[PDB]
Amino acid sequence: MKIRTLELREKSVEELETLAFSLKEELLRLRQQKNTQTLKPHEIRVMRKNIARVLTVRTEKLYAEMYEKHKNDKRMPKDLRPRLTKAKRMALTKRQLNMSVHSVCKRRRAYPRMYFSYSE
Amino acid sequence: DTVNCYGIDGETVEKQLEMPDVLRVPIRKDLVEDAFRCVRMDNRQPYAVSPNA
Amino acid sequence: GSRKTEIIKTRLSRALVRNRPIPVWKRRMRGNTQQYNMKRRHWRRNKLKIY
Amino acid sequence: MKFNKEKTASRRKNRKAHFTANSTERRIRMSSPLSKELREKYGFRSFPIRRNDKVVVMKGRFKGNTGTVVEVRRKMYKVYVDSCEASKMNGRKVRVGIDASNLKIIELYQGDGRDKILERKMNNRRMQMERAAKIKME
Amino acid sequence: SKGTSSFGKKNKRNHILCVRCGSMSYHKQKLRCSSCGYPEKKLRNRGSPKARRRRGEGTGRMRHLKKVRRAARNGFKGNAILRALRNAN
RNA sequence: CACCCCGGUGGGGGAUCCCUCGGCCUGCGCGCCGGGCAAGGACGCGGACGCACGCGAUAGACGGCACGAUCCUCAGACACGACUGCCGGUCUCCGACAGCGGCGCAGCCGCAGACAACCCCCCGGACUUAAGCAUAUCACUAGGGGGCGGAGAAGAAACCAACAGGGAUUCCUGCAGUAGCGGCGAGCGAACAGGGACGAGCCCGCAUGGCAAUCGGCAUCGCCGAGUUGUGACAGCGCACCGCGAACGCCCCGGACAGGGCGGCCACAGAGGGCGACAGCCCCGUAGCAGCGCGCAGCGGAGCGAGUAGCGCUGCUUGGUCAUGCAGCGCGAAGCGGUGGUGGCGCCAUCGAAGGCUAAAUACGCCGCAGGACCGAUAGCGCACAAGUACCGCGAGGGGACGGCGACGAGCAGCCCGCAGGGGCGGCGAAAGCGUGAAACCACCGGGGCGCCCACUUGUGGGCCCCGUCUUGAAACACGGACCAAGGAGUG
RNA sequence: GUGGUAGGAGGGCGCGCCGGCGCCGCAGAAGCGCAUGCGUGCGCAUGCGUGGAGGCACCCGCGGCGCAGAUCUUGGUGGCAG
Ligand SMILES: [Mg+2]
Ligand SMILES: [Mg+2]
Ligand SMILES: [Mg+2]
Ligand SMILES: [Mg+2]
Ligand SMILES: [Mg+2]
Ligand SMILES: [Mg+2]
Ligand SMILES: [Mg+2]
Ligand SMILES: [Mg+2]
Ligand SMILES: [Mg+2]
Ligand SMILES: [Mg+2]
Ligand SMILES: [Mg+2]
Ligand SMILES: [Mg+2]
Ligand SMILES: [Mg+2]
Ligand SMILES: [Mg+2]
Ligand SMILES: [Mg+2]
Ligand SMILES: [Mg+2]
Ligand SMILES: [Mg+2]
Ligand SMILES: [Mg+2]
Ligand SMILES: [Mg+2]
Ligand SMILES: [Mg+2]
Ligand SMILES: [Mg+2]
Ligand SMILES: [Mg+2]
Ligand SMILES: [Mg+2]
Ligand SMILES: [Mg+2]
Ligand SMILES: [Mg+2]
Ligand SMILES: [Mg+2]
Ligand SMILES: [Mg+2]
Ligand SMILES: [Mg+2]
Ligand SMILES: [Mg+2]
Ligand SMILES: [Mg+2]
Ligand SMILES: [Mg+2]
Ligand SMILES: [Mg+2]
Ligand SMILES: [Mg+2]
Ligand SMILES: [Mg+2]
Ligand SMILES: [Mg+2]
Ligand SMILES: [Mg+2]
Ligand SMILES: [Mg+2]
Ligand SMILES: [Mg+2]
Ligand SMILES: [Mg+2]
Ligand SMILES: [Mg+2]
Ligand SMILES: [Mg+2]
Ligand SMILES: [Zn+2]
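Chains as they are written, first to last, in the authors' numbering: chain LHH, 1 to 120; chain LC0, 3 to 55; chain LLL, 2 to 52; chain LY0, 1 to 138; chain LJJ, 2 to 90.
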């Protein structure tokens, strides 16, 4: 947690792409020092994890950006649709299940639900 | 044979009831044991080994 | 046998790096009930099925 | 009796829940009673023990000793109090592990936001006592 | 002849690594795995009642299924970043 | 001297007992896979990392939120959030294509693969029972193939009935081990009722003709397409959902109090677990306490089902009997037809097939949860342990064994000897030193010499062949038995 | 009055657990070893040693309830055999 997420929200998506490449370089210099010399035990750990932290903030900013790009799209990208289940994505909608023929509409309209109470 | 009904004071007799005829029934100790044996195995839950075991 | 496919050598390398004792710092960990690696494999006694 | 069917009275599941408790639950299970001087201020019965807590030992060999908590270890459930020690052979003094139930907190540490956590339990206890007072009023 | 002498000639290896199931059961001549039946599309009908216990579903990592159990438990709310964006509009 | 027997000490081994983060069973809940790349696999990923488990090049905690001080073997990390929890990201590669299919289709989609308990469709045994056996039985099972779903299938009468008539399906009870089938042998074997659970009903087709009023797609209010070989209709949903929870002191014993004794206290809490012995009051807990909203609009209604029904033949099936069902083939309908335990014909009675949908009651494994007159490490799952692991098999596959110090605070290496393993004096601890430590067996020591029964003055006499078993008959030159522990067979 | 195979019957002993009921246990439970006693017998009780946390008796109820054998099963160990 050497690189904090608070600073990564300020950077842009392509600015996080360059940061992950720059942090990958420093990890290669750390893996050099681990082989040749000693290192503090979690230096490779920390630099590996803030590469992941930069890339996560990159992904989280990119999901937010791509959603507002293709929000009012006819077909949104599959990334931005909710991954329910293949069966649940192929389910009929509640509007489609409520679809009934004209005779069922007229009958429910002409004979609606009654609210009543009985007593003997 | 009349029984007292006590208050929560525990000493004052409030009513004096007659004994109900249930409590004057001569006890058949064998019959209460025979019924207790079958009543005890009303909540008897099953046990078995696994059929593959 | 000095001629092998890419899959054979990767499986042979994975069998080789696996075949090592418990690192000695693990014997000082609490709750470490393992004293020696019981899954050690010797090349003459135990065969690998890498064909 | 326990009338909640969804909680276990099972010994096996309660014992497994104790030894495979996670670290958040193991902190709660390592609670310790307060003194009466702390309970007049805070009100709650006990609180989870922490490092730098002043503690009087209530049971065991060190019973009646006072000292600060210098080490809590959640796995194996042991609180190590300053001035509750035993020597090794090489003269090295080791703190002796005491269960948290055998310790009573004399002075609560309040440094690392713990005064917030004490006041959160204190206020929720005070608020829940107000609801039970109104319900018994009605 | 029949026994100890004939075992010296057993230096062919007929069943090699299957690319689908990873057992050493893919035959070279037959070009079919004896365990899982690759390259048939459906899995081979397992030859024993215990073979499902060794090789079936749940005996592996269940990488997608453990995720979809966790999403189903929470109500399939899905991606946490996109969840707040659909909630705002 | 050896040998044998008995005891003591020490071995040997792991029985017993006590324990149990495990199993088993029952109930309930859930019932959610997949080109958005599944199941499964391969290969990689930890600072020191083999196994296990976790994970995917964002590779041994990446983000958000909650939590709030430790994690630990070393080194280190940590309020700029340790350890955690919940959810989400990332999620290599092999493994679902000679792909197949839908839609005018700039293109957009679907199918495949997994799951195999439950359910639906097809295929379909034999052992077995009949004291043989062939039909029968096992069994319309096992098994194989295909296919779904959270249930499925079924389902709104071409039904039951013969009454004073009932009224979808499914399930329960019951009819009923009955009618009946059956080398009428073995055996098999339903239905209507009556009672109940649960309840629910609907639709397409022959829709206007003063104009397809209908739909799909798009780069969208306009094109293009479908379509007259005929398109056409909205009543149901959603959110919220806590944190706190009462009450104990002294004395004794002890390594330690939860024990004993005395005295209290709380209880809508005396369920259970932890804590150095057995705790209502030490801890975790336990009893106890909290809801709501938003919706429903219109325009046809007599439409009707053919290579079918039925008949004939055949094969299968069924309790179904001069045919119950199903199929194939031949024949092939009607305006009235079907049916009436099932020969034909006639009556009378009762329904309307050959098109479609339909909740609930019903079934069920994994998994989650909760229980139990279950089992307690040779038991219980194969697995309480690095178990579908080690290991074996070319392969399909096969498949074990192994639990326990203590207050997880101490439990060491001081001195002498030995190259060393170690030994001896010591050391820690209440003790054990990975609980208890039976027997077989063994070492040494001590005592004694029938293998047993009887008798007594204990070494003599008298009596005794090896048990089990089958057998007319066993000491048998009948068979099984080296020893010991544990397990081990009339149950449901 | 007194034998007894196959066999039937009765009454008890013993084991795991149950509903009760009397109790016991760190001042030492079960288990185990050796003794003594009781008992026709199944078996029971005690003493001492060990052990270190549970157990006993009786009445009830449930039963996977009693072993010398099965070329029994599993484990251990002998003789053979230095
Ligand atoms: Mg080679
Ligand atoms: Mg070899
Ligand atoms: Mg050859
Ligand atoms: Mg060949
Ligand atoms: Mg001896
Ligand atoms: Mg054993
Ligand atoms: Mg279950
Ligand atoms: Mg994937
Ligand atoms: Mg993180
Ligand atoms: Mg399929
Ligand atoms: Mg059979
Ligand atoms: Mg026969
Ligand atoms: Mg026979
Ligand atoms: Mg025969
Ligand atoms: Mg499904
Ligand atoms: Mg259906
Ligand atoms: Mg039959
Ligand atoms: Mg129409
Ligand atoms: Mg409390
Ligand atoms: Mg026909
Ligand atoms: Mg008619
Ligand atoms: Mg009739
Ligand atoms: Mg119809
Ligand atoms: Mg044992
Ligand atoms: Mg076992
Ligand atoms: Mg062989
Ligand atoms: Mg021992
Ligand atoms: Mg005879
Ligand atoms: Mg003879
Ligand atoms: Mg004999
Ligand atoms: Mg002879
Ligand atoms: Mg023999
Ligand atoms: Mg036995
Ligand atoms: Mg006699
Ligand atoms: Mg007899
Ligand atoms: Mg007993
Ligand atoms: Mg007894
Ligand atoms: Mg038995
Ligand atoms: Mg025996
Ligand atoms: Mg015998
Ligand atoms: Mg031998
Ligand atoms: Zn394969």
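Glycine included, every Cβ here is placed at the ideal spot set by N, Cα and C.
Item: Can you have a look at residue 53 (chain LJJ) and say buried or exposed, based on whether 16 or more other CB atoms are within 10 angstroms of its CB?; Value: exposed
Item: My guess is that residue 43 (chain LY0) and residue 126 (chain LY0) are in contact by the Cβ rule of under 8 Å, so how many angstroms apart are they, rounded?; Value: 7 Å
Item: Which residue comes first and which comes last in the alpha helix (DSSP H) that contains residue 51 (chain LHH)?; Value: 43-69
Item: Compile a chain-ordered list of the residues in the stretch 9-42 of chain LJJ whose CB is closer than 7 Å to at least one CB of chain LLL.; Value: 14, 17, 18, 25
Item: Is residue 83 (chain LJJ) close to chain LHH? Criterion is C-beta to C-beta, closer than 8 Å.; Value: yes
Item: Check distances from the C-beta atoms of the stretch 12-40 of chain LHH to those of chain LJJ and list, in chain order, the residues that come in under 9 Å.; Value: none
Item: If you reduce the DSSP assignment to three classes, tell me which class residue 36 (chain LHH) lands in.; Value: helix
Item: Check the Cβ of residue 50 (chain LLL) against every Cβ in chain LJJ and list those closer than 7 Å, keeping chain order.; Value: 25
Item: Which residues does DSSP pair with residue 80 (chain LY0) in a beta bridge?; Value: 71 (chain LY0), 97 (chain LY0)
Item: Closest to residue 73 (chain LY0) by CA distance: which of 86 (chain LY0), 104 (chain LY0), 63 (chain LY0), 49 (chain LY0) is it?; Value: 49 (chain LY0)
Item: With 16 as the cutoff for other CB atoms within 10 Å, does residue 62 (chain LY0) come out buried or exposed?; Value: buried
Item: Would a check of beta-carbon distances place residue 55 (chain LHH) closer than 8 Å to chain LJJ?; Value: no
Item: Please report whether the beta-carbon of residue 60 (chain LHH) lies at a distance below 8 Å from any beta-carbon of chain LJJ.; Value: yes
Item: For chain LHH, find out if any of its Cβ atoms is closer than 8 Å to the Cβ of residue 106 (chain LJJ); answer yes or no.; Value: Look at the range of chain LJJ in this structure, 2 to 90, and you will see that residue 106 (chain LJJ) is not part of it.
Item: For residue 33 (chain LY0), which residues does DSSP report across the bridge?; Value: 46 (chain LY0)
Item: With DSSP as the reference, label residue 80 (chain LHH) as helix, strand or coil.; Value: coil
Item: Which chain LJJ residues sit within Cβ distance under 7 Å of residue 8 (chain LLL)?; Value: 18
Item: Mark residue 27 (chain LJJ) as exposed unless 16 or more other C-beta atoms lie within 10 angstroms of its C-beta, in which case mark it buried.; Value: buried
Item: Considering only their Cβ atoms, is the gap separating residue 80 (chain LY0) from residue 71 (chain LY0) smaller than 8 Å?; Value: yes
Item: Could you check if residue 28 (chain LLL) is buried or exposed, using at least 16 other CB atoms within 10 Å of its CB as the buried criterion?; Value: exposed
Item: Along the alpha helix (DSSP H) that carries residue 8 (chain LLL), what are the first and last residues, could you check?; Value: 7-19
Item: Using a Cβ-Cβ cutoff of 7 Å, what residues of the stretch 64-83 of chain LHH are near chain LJJ? List them in chain order.; Value: 64, 67, 80, 82, 83
Item: Taking the DSSP output, what are the residues bridged to residue 25 (chain LJJ)?; Value: 18 (chain LJJ)
Item: Helix, strand or coil: which one does DSSP assign to residue 67 (chain LJJ)?; Value: helix
Item: Would you list the residues sitting across from residue 4 (chain LC0) in a DSSP beta bridge?; Value: 20 (chain LC0)
Item: Nearest to residue 50 (chain LHH) by alpha carbon, out of 31 (chain LHH), 77 (chain LHH), 27 (chain LHH)?; Value: 27 (chain LHH)
Item: For my contact list, residue 30 (chain LHH) and residue 39 (chain LHH) are in at a C-beta cut-off of 8 Å; report their separation, rounded to the angstrom.; Value: 7 Å
Item: For residue 105 (chain LY0) and residue 66 (chain LY0), which I take to be in contact (beta-carbon distance under 8 Å), what is that distance rounded to the nearest angstrom?; Value: The Cβ separation is near 11 Å, so there is no contact.
Item: I'd like to know whether the C-beta of residue 5 (chain LHH) is nearer than 8 Å to at least one C-beta of chain LJJ.; Value: no
Item: Pair every Cβ in the stretch 7-26 of chain LHH with every Cβ in the stretch 67-76 of chain LHH, then say whether three or more of these pairs are closer than 8 Å.; Value: no
Item: So, at 7 Å on beta carbons, what are the nonlocal neighbours of residue 46 (chain LJJ) in its own chain, with the 5 sequence-adjacent residues on each side left out?; Value: none
Item: If you measure from each CB to the nearest heavy atom of ligand 4 and keep those under 7 Å, what residues do you get, in chain order?; Value: 13 (chain LJJ), 15 (chain LJJ), 29 (chain LJJ), 30 (chain LJJ)
Item: Between residue 57 (chain LY0) and residue 84 (chain LY0), which are expected to be in contact by the criterion C-beta below 8 Å, what is the C-beta distance as a whole number of angstroms?; Value: 6 Å
Item: Which of the three DSSP states, helix, strand or coil, is assigned to residue 34 (chain LJJ)?; Value: strand
Item: Would residue 1 (chain LC0) and residue 7 (chain LC0) qualify as a contact pair, given that the criterion is a beta-carbon distance under 8 Å?; Value: Because residue 1 (chain LC0) is not part of the residues shown, which for chain LC0 are 3 to 55, the question remains open.
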